[PDB]
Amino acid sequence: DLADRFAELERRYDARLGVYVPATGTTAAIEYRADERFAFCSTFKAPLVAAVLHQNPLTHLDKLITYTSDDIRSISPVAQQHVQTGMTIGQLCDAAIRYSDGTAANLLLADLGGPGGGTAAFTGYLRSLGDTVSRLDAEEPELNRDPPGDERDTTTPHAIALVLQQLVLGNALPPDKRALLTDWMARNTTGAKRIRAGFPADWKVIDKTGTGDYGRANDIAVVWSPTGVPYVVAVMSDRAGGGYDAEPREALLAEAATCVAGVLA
């Protein structure tokens, strides 16, 4: 059936594929390696922003945060420009979602506080919505470099999809803060060739990508059918065995998204 093409796509792209689509009232749940651990990568920035939103008032977005030149460690296209000006929490939220700003993510983790620079506070927030599997242990860019098989900084397509469903479609945030998260994901600039490229243009797509070593390429997304029916699509992939320097294949994520669209149509 459909689980055979996923294995076919795995051969043609030499990767390990993970797909989960939560079941709705009208459709059944799509699963393929759904409960196998994949690396969070940049996709954790999606619940991270929601974590800052959940515990703090809206005025917290206007707090100005200053940082130094030693604080930049990974790709940070926005943090590099404001070393003298500083950035507000809201600007750090925009950078972490739409541009995958690594340094902005580290500062938002620090805003959560606690041990591990906010990693313990973040996974603790992950447990509050019922995710007892995911875990964040390092910061950027260390979380992208974990060896295969290591359980640190990992989630699963099943686990990450249900969190995103509660955050965008559920009641994990008041409408209030919920529309801020959704709007940042709608104007994302880093995922044009992934799940968005696999769905027809008349489908609305909001997403948050993830990319790391060992050919790791992820994309969590919420799509809307042309009639307005929403779905949650979690697509993760790595190429463990091809080495640390294995190139990630975005086409595999886009090809799998077309397979999912064929079923939901």
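So that there is no doubt, residue numbering starts at 1 and follows the sequence shown. Only the largest set of C-alpha atoms that superpose within 1.5 Å between the two forms is called the rigid core.
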### Message
For a rigid core alignment of each structure in 6 other deposited structures of this protein onto the shown form, which stretch has the higher root mean square Cα deviation: 121-129 or 83-91?
### Response
83-91
### Task
Kindly name the stretch, out of 236-244 and 214-222, whose CA atoms are displaced more from this form in 6 other deposited structures of this protein after the core superposition?
236-244
### Query
Looking at the deposited entry, does 57-65 or 194-202 carry the larger mean Cα B-factor?
57-65
### Query
Averaged over C-alpha atoms, is the B-factor higher for 91-99 or for 77-85 in this PDB entry?
77-85
### Message
Among 157, 130, 147, 124, where is the Cα B factor highest in this entry?
### Response
147
### Message
According to the Cα B-factor stored in this entry, which of the following is highest: 253, 246, 21, 15?
### Response
246
### Message
Ranking every modelled residue in this chain by its Cα temperature factor as given in the entry, which third contains residue 110?
### Response
middle
### Task
Pull the Cα B-factor of residue 221 out of the PDB entry and bin it into the chain's lowest, middle or highest third.
lowest
### Task
Using the B-factor values recorded in the entry, state whether the Cα atom of residue 207 falls in the lowest, middle or highest third among the modelled residues of its chain.
lowest
#### Entry: Within-chain third of residue 40 by Cα B-factor, per the entry
lowest
### Task
Looking at the entry's B-factor column for C-alpha atoms only, identify whether residue 30 ranks in the lowest, middle or highest third of its chain.
middle
